[PDB]
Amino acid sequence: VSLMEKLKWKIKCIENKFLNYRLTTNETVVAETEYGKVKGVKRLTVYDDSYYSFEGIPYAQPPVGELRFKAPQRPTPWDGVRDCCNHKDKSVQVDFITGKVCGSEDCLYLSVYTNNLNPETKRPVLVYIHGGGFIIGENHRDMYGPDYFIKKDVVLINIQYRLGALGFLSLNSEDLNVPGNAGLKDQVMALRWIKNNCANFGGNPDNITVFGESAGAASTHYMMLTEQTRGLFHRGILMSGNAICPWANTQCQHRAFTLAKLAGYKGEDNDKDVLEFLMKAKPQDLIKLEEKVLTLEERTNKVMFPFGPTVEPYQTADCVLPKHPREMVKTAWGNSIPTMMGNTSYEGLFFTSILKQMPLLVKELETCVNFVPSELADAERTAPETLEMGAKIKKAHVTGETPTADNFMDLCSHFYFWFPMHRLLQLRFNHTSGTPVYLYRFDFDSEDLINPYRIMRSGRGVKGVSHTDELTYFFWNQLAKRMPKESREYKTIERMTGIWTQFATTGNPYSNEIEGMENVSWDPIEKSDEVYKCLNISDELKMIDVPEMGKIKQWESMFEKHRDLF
């Protein structure tokens, strides 16, 4: 990231700190938890609303020392009053703006927000799980501010969880107790806390909604797939992701050694000696080197992250993913809660930055063999059957004689997002009680209000609704400003937060009390639908057939001779 966006972000970071002190009140308050009393503070928003803020509530023991790479344990309760008027640190990660490592291994906290501690009725509880490919992200208010949601009468909860290798190291040897998915086991434990403690903040423990974007969506989906969370919540919203996306799981048991070797380990490849090294390595060294773990072959086969959710090699007490996600959908309790899913209208536009550095990637669409789903493709991607699959993909996105960047970014939309959504809906249909799933499509374009992800994807002055463009309408962030209430941007905040809280409340996203929705007939998807219907969200709200459908059926036809793997 550029020297300009570094000094520019440095200034916004200094401004957000002064604004944050300014928007603080003196009204501290104490709430109960099952671990003891916690002290929050009331804060202000730039729209002159206010809310109660409880930050840095631990939901697990600090995962340092001998708990590193280990599943989380419950924290130690306290007497007295724990100070919760400040944020704790984020998980150790690479700062996308600077390139420097920041964060700390002491990162397992959640934040709670509400406009009213003592409501006259129990409120819907909303749990946001941030994305960031399981390697970046946080629950700080400079990125995920609760300002838009607290206009509504809900309880909003932002969780944190272990990222990267600290979150997802996985070793085969059953003796060392590092099955993997520690970061997801964090998410489970925080859900258990929210279940037992939301009532103390006015929430309804029997009306809990979990949602997230990107990696947060996959996390959300995993929380719906695993037995460990059964019955903990009641609604799910999957924004631009799920657990059968190709980027949302990996077998990384062999990559620990590679990581150890990059960090200066001397010795052989057995798990015990690898673990001992990594256990005493400085945290910021391991995080800094993750970028170098993936082999050139793995990058070629579109492996995106070296560490991440994985099928655990053996089963233990807190096991989360004992089988491949496709298999877990067949029994998932979460199939029987109300679900909303959606994408933006140009997901792949996120990859503009990557293309700017690697223009050679556009040539991959000459055959598209690299984008054939890995379970169908051959190792070298040279088999004639793989060249045949690649051709089907090619027909779907290359519009002219030579592939372009736009063709590329359009392909990505489907490879990483639309095709996975489709496979999930069809899988779920064969294994569900018949609870509704609602689709949306986010199509609202605006340069007048943005979020930090647009600095990373180099989305400065770029038309189209990229992946993460919608976060701007859910959360306040240090790049936001007060919008006139009649602006299209402001209306979209109102609509977006309106629909989400409405779905949270009733398991149905339709409300005639939301502006623009008077002609809307939002029907859920049926198994007998050949075509998907989605609420298209733009300047106007309109029900439509999903425009990506034809290309989705193209990708599906790759599995013509292999229908078992669909």
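Note that residue numbering begins at 1 and tracks the sequence as displayed.
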Inset, instruction - Higher average CA B factor in the deposited record is what I'm after, so tell me if that's 296 to 304 or 160 to 168. - result: 296 to 304
Legend entry - Greater mean Cα temperature factor according to the PDB record, 229 to 237 or 265 to 273: 265 to 273
Legend entry - Maximum C-alpha temperature factor, selected from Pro124, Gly464, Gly137, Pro338: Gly464
Inset, instruction - Going by the CA temperature factor in the entry, name the top one among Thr492, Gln284, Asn197, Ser413. - result: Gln284
Legend entry - B-factor third for the C-alpha atom of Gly36 within its chain: highest
Inset, instruction - Tell me, lowest, middle or highest third: where does the Cα B factor of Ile11 rank within its chain? - result: highest
Legend entry - Ranked against its chain, the third holding the CA B-factor of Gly516: highest
Inset, instruction - Going by the recorded CA B-factors, say which third of the chain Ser446 sits in, lowest, middle or highest. - result: highest
Inset, instruction - Would you check the entry's CA temperature factor for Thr25 and let me know if it's in the chain's lowest, middle or highest third? - result: highest
